[PDB]
Amino acid sequence: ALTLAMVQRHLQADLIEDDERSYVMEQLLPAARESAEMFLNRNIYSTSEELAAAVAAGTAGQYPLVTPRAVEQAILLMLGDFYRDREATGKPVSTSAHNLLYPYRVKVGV
Amino acid sequence: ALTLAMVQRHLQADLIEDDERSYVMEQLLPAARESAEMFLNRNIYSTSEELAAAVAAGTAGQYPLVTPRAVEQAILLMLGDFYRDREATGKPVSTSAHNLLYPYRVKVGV
Amino acid sequence: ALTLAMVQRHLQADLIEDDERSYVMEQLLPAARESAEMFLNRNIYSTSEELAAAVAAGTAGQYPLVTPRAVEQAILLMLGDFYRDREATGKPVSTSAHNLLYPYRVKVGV
Amino acid sequence: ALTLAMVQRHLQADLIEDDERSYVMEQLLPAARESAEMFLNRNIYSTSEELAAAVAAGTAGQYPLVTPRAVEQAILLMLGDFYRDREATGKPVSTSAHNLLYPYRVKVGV
Amino acid sequence: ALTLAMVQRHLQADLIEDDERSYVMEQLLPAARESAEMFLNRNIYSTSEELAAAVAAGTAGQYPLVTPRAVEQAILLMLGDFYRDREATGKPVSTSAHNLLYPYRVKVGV
Amino acid sequence: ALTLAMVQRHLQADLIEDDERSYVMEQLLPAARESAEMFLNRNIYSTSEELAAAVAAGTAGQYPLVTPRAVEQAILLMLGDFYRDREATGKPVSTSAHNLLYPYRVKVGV
Amino acid sequence: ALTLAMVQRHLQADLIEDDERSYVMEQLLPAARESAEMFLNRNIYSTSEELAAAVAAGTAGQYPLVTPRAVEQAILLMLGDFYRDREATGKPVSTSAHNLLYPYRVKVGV
Amino acid sequence: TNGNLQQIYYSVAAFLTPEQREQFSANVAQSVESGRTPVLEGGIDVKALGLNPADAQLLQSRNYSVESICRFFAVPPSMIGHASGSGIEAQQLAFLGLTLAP
Amino acid sequence: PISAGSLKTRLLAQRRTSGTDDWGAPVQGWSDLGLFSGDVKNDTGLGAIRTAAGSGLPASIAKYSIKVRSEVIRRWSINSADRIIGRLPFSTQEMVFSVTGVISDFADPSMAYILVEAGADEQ
Amino acid sequence: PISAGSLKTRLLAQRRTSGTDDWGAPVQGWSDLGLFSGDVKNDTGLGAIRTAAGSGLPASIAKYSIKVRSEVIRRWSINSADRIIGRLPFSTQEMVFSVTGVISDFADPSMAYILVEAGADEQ
C-alpha cells in the first residue's frame, strides 16, 4: 500500500530522523512512482475514491487503473535501486522492474 | 496452499513481528500471485467453492482453474526471489519459474 | 516407491518436525510428481489397483502407465532440485531429469 | 526540491565549512541543472510563479515545464557523479540519468 | 553381477543400516538397469535360465541377450552417478556410460 | 600376460582382501577385455591353445588373433581408467587406448 | 640398446624388486617396441645376426632395418609415457615420438 | 487462409497478453493509414521473410496439369491453342483430320 | 553499496541498568533498546574456536561480526558495555552476543561493523 | 546451497550419563542419541598434527570439522560435552571425535559446523 511501514520493511531501515525520512518519503518515492507512471502510458491512483475524483474533474486520461500489487512492488524495486547507488554509472535500459510492469502497459506499437 | 506455515518453511525465516508478517503476507505474496496469474493468461482460484462463486458473479473469465501444486511451487519461487534481492538489476526474462508455469498457459499464439 | 523412507534417504534429512515434514511431503513432492506428469503427456499411477480404478471411472486418459523406477528417480531428482535452491535464478530448459524421463514420453511431434 | 537538506542527505556528507558549501551549491548543482536542461531541449523552472514570470518577460521558450520529481532525481544522480570522480575519463554517453530524463525530452527528431 | 558385494565395493561405502541398503538396492540400482535396458532398445536378462523363462512366457522381445560385463560396468557407472549428485542440473546427454553401452545397441536407424 | 601380478603392479594396489580382489579381477577386467574385443571387430585369445580350441569348435569368427602386448596394455589402460573414476561425467569418444588399439582394427570402412 | 641399465637410467628408478622389474621389462618395453614397429610399417631387429636369421626363416618382410639410435630414443620416450601415466585420457595423436620416428617410415602413401 | 503468403513479421522481446496483440496490430494499421513512419522503440524489431508467391501458388505444376489433361483426352494442346500451319484454314484442317475423324 | 535484503536477521540490542549493587559489581539486570537488522559473518575454518581461558577453565568462544546500517550507530551509542540477542530460526535457544567494539568506515558513510564474541553468555 | 549427497558419512552422536561417581569425576559410561549425516573436512598440509601435550606427554591430535544440516542442532543440543563416533569404510577401528563447540551461520539457516578433535579417544 506504499505506506511508511512497507517502505521501512523494504529498505531494512529505520527512518527516525526527520530529515532523511522526509528525503525518502518526499523526493525518492514520488520519483519512482511517476517514473513507473510515465513508463506505463497511463495514470495510476491509490484508491477508488481518488480515481473517481480525478475522472469527475476530467484531469484523468483514458485507460486509468488503480494500482495492483505488482505495480506497487515494481515501484518498490525502483525505490530500492534509487536508495542503494547514488551515481550515474550507466546501466541497461530494461531492468527487472520493467518485467513486472510490462503486462500493464498500454498503447504499445510502432 | 500458501499458508503461513508453508511460507515460513520456504523462506526459512520465522515471522514473529507483526509488521514483518504483514509485509510478507499482504504486499509480497499477492504480488507473486498477481504476476503468475497475469503470465498464465487465465484466472486462478485457490479452492473450488471460490471458483464457483466467481462463475456465479460472472467475473470469472475463460479457462479458470483451481490452482495445482506446480503453480503453487512457481509462486513460491517468485516469492523467494522477491524476498532475497530488493533492487532492480538486469535480470533476464524467462526465469526458472516460467519453466514450471509454462504448460498451464492457455492463450499462446501469434 | 516414493514413501517417506526413500525421501528421507534421498535428501539426507530427518523430517522429525511436523511442519517441515508436512511441507516436504504435501507441497514439494506433489509439485514434482505433477510436473513430470505434465511433461510426459500421460497419467502415471502408483499401483495397478489405482490404474484399474481410474480406468473404471473413465477419468484416466489414453496411454496410461504405472510408474517405473526411472520415472520415480526423475521425480526424486526434481524434488532434490526444489529443496536445494528456493529462488528464480534462471536455469536451462532441459535438465538432467528430462534425460531420464524422455524415453517414456508420448505424443511427440510437430 | 534541490534544497540544502536534500543535497546533504543524497551526498551523505554534511557541509559545515562555508567554502565547501559554496562550491557544491554554486558551481556543482547548477552545472547539473544546466546539463539536464540542455539535454531536455526545453526550459525547466522550479516553481509555477517563476514560470509565469519567465513567460511574462518573454524569455521562456516553447514547451516549458515545472520540474517533476523524476527530473530532480536525474539531476541528483548527475550531481553525485560530479561529486564522486573529478577527472576526465572515458565514460560512456547515455548513462543512467538519461534513462530517467528521456520521457521528458520534447524535440526528438531527425 | 550386481551383487551387494560388487555394489558396496564400487560405491566405496558399506551399507549396514537396513534403510540405506533398501534404498540403494531397491530404488537406485533398478533405475539404472531400466535406463540402460531402455537405451539399448532390447531386453536384458541376468542369467540364461531367466531368458529362457521369459521366452517361454512370451514376454521376451526381439534380440534379447544375457548381460555381458560391459553392460554391467555401464550400469555401475550410471548407479555411481545417481549416488554422487542428487539434484537436477544441466548435465549433457551422451555421457561416458553411453560410450560403453553403444556397441550393444540393436535398432539404430533413421 | 594379464596375470594378477601385472594388475597389482599397474594399479599400485595390493589386493589382499578377497572381496575387492574378486571385484577387480572378475568384474572390472573382463569388462575392459570385452570392450576392446568389441572395438577391434575380432576375437582375441590369450594363448595358441585357446585359439586352436575355439577354431575347432567353430565358435571363433574370422580374423582371430592371439593378443600382442600393445592390446594387453590398451586393456590395462582401460582398466586403470575404470578403477580411478566411478561416475558418468562425460568424456571424449576417442581416448588414448584407442590410439594403441587402432592398428589391429579390422573391417573398417563405410 | 634397451638394456636394463639404459631403462633404469632413463626412468630414473632402480628396479630391485623382481615383480616390478618383470613388469617393466616384459609387459611395458615390448609394448612400446610393438607400437613403434607397427607405426613404421616395417620390421625392426636389434642386431644384424637376428635380421639375417629372420630373412633365412622367411618371416622378415620388405624393408627391414637394424634399429638406429633415433628409433631407440623414440621407443624410450613411449616407454616413459607408459610409465608416467596409467589411465586412458584424451591425449592427442602425433606426439613427440612420432616426430623422431617419422623419417624412418617406409610405405607412406594415399 | 493458411498464412503462407505473409511477408513481414514483427518481434518484441517480452511476454504480452493477447489484448496487447490486438493493440499492436491496430496501432500498425492506424500508423500506416495516417501516413506516418514506424519507429520501433525499445526492443521492438521487424524482419522480412524471403518468400515467392509463385512457388506458393504452384503455377508451373498447374500448367503441366493443364497440358497433361489435354494430352489425356487426345486433343493436342497446340491444336489451335485453345489451352494457351501459318494460315488459319490449315488449323481447322489439322483439328478435323487429327481429332474429329474417329 | 549496502545491498539491503542481505540484512536478513533481526537482532535485539539492549544495555545494562546504571548504578552498582552493594558490593559495587555491575547490576545483573538488563534493560531494552530496540530491534535492528544486520548481516552476520562467521569464522569458518579449523581452529576458529577457543577452548581454554585463564586458569585452565574450559570454555568455547567463537567471535562473529555484524554489519549494520549507519543509522543504528547514531540512534543509540553502541560500545563495549552492551549485549546483543539473536534467535536462530525455529529454535528456542537464543545466542547471546557480547559487543567488543564498533569499527566505523569513512570510505562510505553507510556501513558499520560490530564485532561480537558469542561464546559465553553474559549476565 | 547445502548440496545434499556430499553428506556421504553416517556418524553417531551420543552424550554422557548425568550425575557423578563417588569422587565426583564424570561417569565414564555413555548413552546414545541417534545417527545423522555430515561432511568431514580434514586439515591437509604439513604440521597439521600436534605431538606434545603438557608435561612432555606424547600425543597425536588432528582437528577436523563436520558440516551438518541445521536440523540436527535443533533436535538435540550439541555442545562441548559430547562425543561423535564414525567408522571408516570396511574397517573395524572407529574414530572417536570430541566436540569442541558448534559454529552456526546466519548467512543462510541451513548449515552448521561442528569442530571436533579426533586425536585421543574419550572416556
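For clarity, chains are labelled A, B, C, D, E, F, G, H, I and J in written order, and residue numbers in each chain start from 1.
FYI, a contact is a pair of C-beta atoms (placed from the backbone, for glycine too) under 8 Å apart; a residue touches a chain by one contact, two chains touch by 3 or more.
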Same vs different contact residues, chain B with chain C, by half of numbers used: different
Selected pair, greater C-beta contact count between C-J and E-J: C-J
Per-chain CA centroid nearest to the all-protein CA mean: C
Candidate from C-J, D-I or B-I with the same interface as E-J, over half of contact pairs in common: B-I
Chain F-chain G separation of Cα centroids, rounded to whole Å: 21
Euclidean distance of C-alpha centroids - chain A vs chain J, Å: 53
Between chain B and chain J, centroid-to-centroid distance (C-alpha), Å: 43
Gap in Å, rounded to a whole number, between the CA centres of chain I and chain E: 56
Residue numbers of chain I (touch at least two other chains): 3-5, 8, 89-90
Multi-partner residues of chain C (each touching 2 or more other chains): 10-11, 17, 80, 84, 91
Shared interface positions of chain H, touching two or more other chains: 14-15, 17
Residue ranges of chain D in contact with chain I within the complex: 12-13
Residues of chain B touching chain A in the complex: 19-20, 22-23, 27-28, 30-31, 34-35, 38-39, 82, 86-91, 93
Residue numbers on chain C that touch chain E, as the complex places them: 1, 5-6, 8-11, 68-70, 72-73, 76-78, 80-81, 84, 91-92, 94-97, 99-100, 103
Chain B residues touching chain H - in the complex, by the definition given at the top: 38-39, 41, 93, 107, 109-110
Chain B residues within the chain I interface of the complex: 12-14, 17, 20, 83-87
